[PDB]
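The structure under discussion appears below in the form of structure tokens.
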Amino acid sequence: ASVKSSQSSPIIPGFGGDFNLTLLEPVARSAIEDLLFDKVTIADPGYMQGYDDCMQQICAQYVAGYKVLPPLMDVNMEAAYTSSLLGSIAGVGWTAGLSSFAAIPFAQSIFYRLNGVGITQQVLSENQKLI
Amino acid sequence: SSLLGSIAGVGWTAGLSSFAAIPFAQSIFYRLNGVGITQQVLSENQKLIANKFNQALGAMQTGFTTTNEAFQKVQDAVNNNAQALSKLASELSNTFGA
Amino acid sequence: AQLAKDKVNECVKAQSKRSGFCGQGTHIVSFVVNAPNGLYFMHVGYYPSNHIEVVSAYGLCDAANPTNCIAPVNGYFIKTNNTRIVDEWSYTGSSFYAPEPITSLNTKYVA
Amino acid sequence: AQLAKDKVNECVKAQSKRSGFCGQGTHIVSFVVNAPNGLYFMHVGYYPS
Amino acid sequence: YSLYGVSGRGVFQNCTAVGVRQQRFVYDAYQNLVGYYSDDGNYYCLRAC
Amino acid sequence: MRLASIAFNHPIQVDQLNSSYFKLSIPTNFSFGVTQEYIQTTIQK
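Chains as they are written, first to last, in PDB author numbering: chain A, 851 to 877, 886 to 915, 924 to 997; chain B, 949 to 1046; chain C, 1096 to 1206; chain D, 1096 to 1144; chain E, 606 to 654; chain F, 757 to 801.
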């Protein structure tokens, strides 16, 4: 609730031209998020397929005993928060106030974010990009 | 209470702390001019805001119990240390041993 | 408690141009009262709630090319080029709402 | 987690004109993805060299 | 005091009026007795030292 | 009883325009004010 609040772009396959963003959802748990969920080794969880799937054979549902509760949010919805957060990266990163804004393309958001503290003004980002 | 006194003048700023005595209304028109970056023509025409500010503080008067944590955090604190002190000391004595 | 000292020196004296900590909205005032065992804050924040999607630029130019945009909030709307931005809308001809940076692409208005 | 809320409201929305926290260099963009149990940041910083 | 099978050290007062009144103590959710009975027949509610 | 609602999220998504202009979601009403959090400072000693 202190993440989202306002206001996405929304998620279109072209974010920034041309900044190849992996953080797009392919469609729901984007690609870099898929990398750091595949490479992390979790033997868990079971939600009406993993209990039975372990019954076909961690034991949060077999000693009982201990028991793991689900994390309040389905993965598609945490993905929805952070995907609207990726939507608000461009316009909210402007700012001029948090949060009552905006819809600006991601490329121009990094030329103003880059104009800001890497204080190279407009003649360098014009000539050239690629960056 | 001296902190509430310094809300208006210290909320100006221009340095903490070597200032000031400015009325509270003008302190919220500069604090409001700042980040809710509505400049002077809106706060001139109009105020009342004042009745919306006072309406906000009015619902801030009425609402403490029970569905308004922070307040349940406060009684989580008083019930925390009162629970630990008295209730843990009631477990410590009467009874523990064999 | 060191956090509370960080909340008094930031959110209570100054404004503090930062998000929550100074909870939920562009923060305006904050008040301190002594609670049991702790402090207690009455952070008075802004809450927008009636959003109207309007159109930018990004600035202006002419035959000669010095620019505008922004002191500090965006745009430069249309009807005709007006500027009450965050939060409400919309101002007059700018005259003090404009730094004058270098020109950019999408020429003459001035994106 | 309150630190993560302080890293989302500072480094992710705004820029944030501050050093690490927004790790190692004059910070430019930062991205958030849900990791196991936590968030995960992809802070895009400058590196002069 | 030193009552029937129970020891203890207390300050009896003529209090009112909570109990069973047929068997003759009253506890408060612990081992302690708060505390009247036994006197004949009144409410001498006890306290800690 | 009457389970299973899925009430998320939903932010008021401004749409991204294409050309030199770009849409923006400025509001109209102030609507201030909240009580906010306790910060605990101590124990009982």
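All residues carry an ideal CB built from backbone N, CA and C; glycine is no exception.
CB-CB length for residue i against residue j, believed under 8 Å
{"i": "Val1181 (chain C)", "j": "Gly953 (chain B)", "result": "About 30 Å; that fails the 8 Å criterion."}
{"i": "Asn993 (chain A)", "j": "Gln987 (chain A)", "result": "Between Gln987 (chain A) and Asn993 (chain A) the Cβ distance is about 12 Å, and since that is not below 8 Å, they are no contact."}
{"i": "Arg629 (chain E)", "j": "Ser643 (chain E)", "result": "5 Å"}
{"i": "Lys1000 (chain B)", "j": "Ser761 (chain F)", "result": "Rounded, the Cβ-Cβ distance is 33 Å, inconsistent with contact."}
{"i": "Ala1193 (chain C)", "j": "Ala1152 (chain C)", "result": "Not confirmed; about 12 Å, so no contact."}
{"i": "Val1139 (chain C)", "j": "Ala1004 (chain B)", "result": "7 Å"}
{"i": "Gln792 (chain F)", "j": "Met1137 (chain C)", "result": "7 Å"}
{"i": "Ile1147 (chain C)", "j": "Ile782 (chain F)", "result": "6 Å"}
{"i": "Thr784 (chain F)", "j": "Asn1177 (chain C)", "result": "That belief does not hold up - the Cβ atoms of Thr784 (chain F) and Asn1177 (chain C) are roughly 15 Å apart, past 8 Å."}
Alpha carbon of residue i to alpha carbon of residue j, nearest angstrom
{"i": "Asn1028 (chain B)", "j": "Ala763 (chain F)", "result": "33 Å"}
{"i": "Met943 (chain A)", "j": "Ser949 (chain B)", "result": "45 Å"}
{"i": "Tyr1141 (chain D)", "j": "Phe865 (chain A)", "result": "21 Å"}
{"i": "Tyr635 (chain E)", "j": "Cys925 (chain A)", "result": "39 Å"}
{"i": "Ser775 (chain F)", "j": "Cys1156 (chain C)", "result": "17 Å"}
{"i": "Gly904 (chain A)", "j": "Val631 (chain E)", "result": "51 Å"}
{"i": "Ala889 (chain A)", "j": "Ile997 (chain A)", "result": "23 Å"}
{"i": "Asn1169 (chain C)", "j": "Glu1183 (chain C)", "result": "11 Å"}
{"i": "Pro767 (chain F)", "j": "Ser991 (chain A)", "result": "32 Å"}
{"i": "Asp1101 (chain C)", "j": "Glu1039 (chain B)", "result": "37 Å"}
{"i": "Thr1162 (chain C)", "j": "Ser1190 (chain C)", "result": "12 Å"}
{"i": "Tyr909 (chain A)", "j": "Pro937 (chain A)", "result": "17 Å"}
{"i": "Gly789 (chain F)", "j": "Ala1099 (chain C)", "result": "20 Å"}
{"i": "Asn647 (chain E)", "j": "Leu1033 (chain B)", "result": "34 Å"}
{"i": "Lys995 (chain B)", "j": "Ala1018 (chain B)", "result": "30 Å"}
{"i": "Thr1175 (chain C)", "j": "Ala1158 (chain C)", "result": "19 Å"}
{"i": "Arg1179 (chain C)", "j": "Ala973 (chain B)", "result": "22 Å"}
{"i": "residue 945 (chain B)", "j": "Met939 (chain A)", "result": "Missing from the structure shown is residue 945 (chain B); chain B here goes from 949 to 1046 and no further."}
{"i": "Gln927 (chain A)", "j": "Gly1133 (chain D)", "result": "24 Å"}
{"i": "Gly1115 (chain D)", "j": "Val877 (chain A)", "result": "34 Å"}
{"i": "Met906 (chain A)", "j": "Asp1024 (chain B)", "result": "36 Å"}
{"i": "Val625 (chain E)", "j": "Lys1035 (chain B)", "result": "26 Å"}
{"i": "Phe977 (chain A)", "j": "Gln1097 (chain D)", "result": "30 Å"}
{"i": "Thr961 (chain B)", "j": "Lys1108 (chain C)", "result": "8 Å"}
{"i": "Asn870 (chain A)", "j": "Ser858 (chain A)", "result": "19 Å"}
{"i": "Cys1117 (chain C)", "j": "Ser852 (chain A)", "result": "11 Å"}
Contact set for residue i: own chain, Cβ-Cβ below 7 Å, skip 5 residues either direction
{"i": "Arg979 (chain B)", "result": "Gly959"}
{"i": "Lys854 (chain A)", "result": "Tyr947, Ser950, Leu951"}
{"i": "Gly957 (chain B)", "result": "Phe967, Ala968, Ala969, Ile970"}
{"i": "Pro863 (chain A)", "result": "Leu874"}
{"i": "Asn619 (chain E)", "result": "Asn647, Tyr648, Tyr649"}
Residue i - DSSP class collapsed to helix/strand/coil
{"i": "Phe1044 (chain B)", "result": "coil"}
{"i": "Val1127 (chain C)", "result": "strand"}
{"i": "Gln772 (chain F)", "result": "coil"}
{"i": "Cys650 (chain E)", "result": "strand"}
{"i": "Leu1036 (chain B)", "result": "helix"}
{"i": "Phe1136 (chain C)", "result": "strand"}
{"i": "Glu992 (chain B)", "result": "helix"}
{"i": "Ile976 (chain B)", "result": "helix"}
{"i": "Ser781 (chain F)", "result": "strand"}
{"i": "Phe869 (chain A)", "result": "strand"}
{"i": "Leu759 (chain F)", "result": "coil"}
{"i": "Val1150 (chain C)", "result": "strand"}
{"i": "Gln618 (chain E)", "result": "strand"}
{"i": "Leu952 (chain A)", "result": "helix"}
{"i": "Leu638 (chain E)", "result": "strand"}
{"i": "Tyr909 (chain A)", "result": "helix"}
{"i": "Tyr947 (chain A)", "result": "helix"}
Residues near residue i by beta carbon distance below 6 Å, same chain, minus five either side
{"i": "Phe1172 (chain C)", "result": "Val1149, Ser1185"}
{"i": "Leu773 (chain F)", "result": "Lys779"}
{"i": "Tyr1135 (chain C)", "result": "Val1128"}
{"i": "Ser975 (chain B)", "result": "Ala956, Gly959"}
{"i": "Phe617 (chain E)", "result": "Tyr649, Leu651"}
{"i": "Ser856 (chain A)", "result": "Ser965"}
{"i": "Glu1105 (chain C)", "result": "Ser1111"}
{"i": "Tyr609 (chain E)", "result": "none"}
{"i": "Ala886 (chain A)", "result": "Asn942, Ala945"}
{"i": "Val934 (chain A)", "result": "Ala926"}
Own chain partners of residue i with C-beta closer than 8 Å, once the 5 adjacent residues on each side are dropped
{"i": "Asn637 (chain E)", "result": "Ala653"}
{"i": "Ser965 (chain B)", "result": "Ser954, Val958"}
{"i": "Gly613 (chain E)", "result": "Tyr606, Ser607, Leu638, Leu651"}
{"i": "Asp902 (chain A)", "result": "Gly908, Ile924, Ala926, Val934"}
Residue i beta carbon near the ligand MN (any heavy atom closer than 7 Å)
{"i": "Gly1118 (chain D)", "result": "The ligand MN is absent from the structure shown, which contains no ligands of any kind."}
Legend entry - the region 786-798 of chain F touching the region 1113-1130 of chain C, judged by at least three CB pairs closer than 8 Å: yes
Inset, instruction - Assess, as a yes-or-no matter, whether the region 1112-1121 of chain D is touched by the region 1192-1200 of chain C under the definition of 3 or more beta carbon pairs within less than 8 Å. - result: no
Inset, instruction - Report yes or no: do three or more beta-carbon pairs, one from the region 1028-1038 of chain B and one from the region 1004-1018 of chain B, lie closer than 8 Å? - result: no
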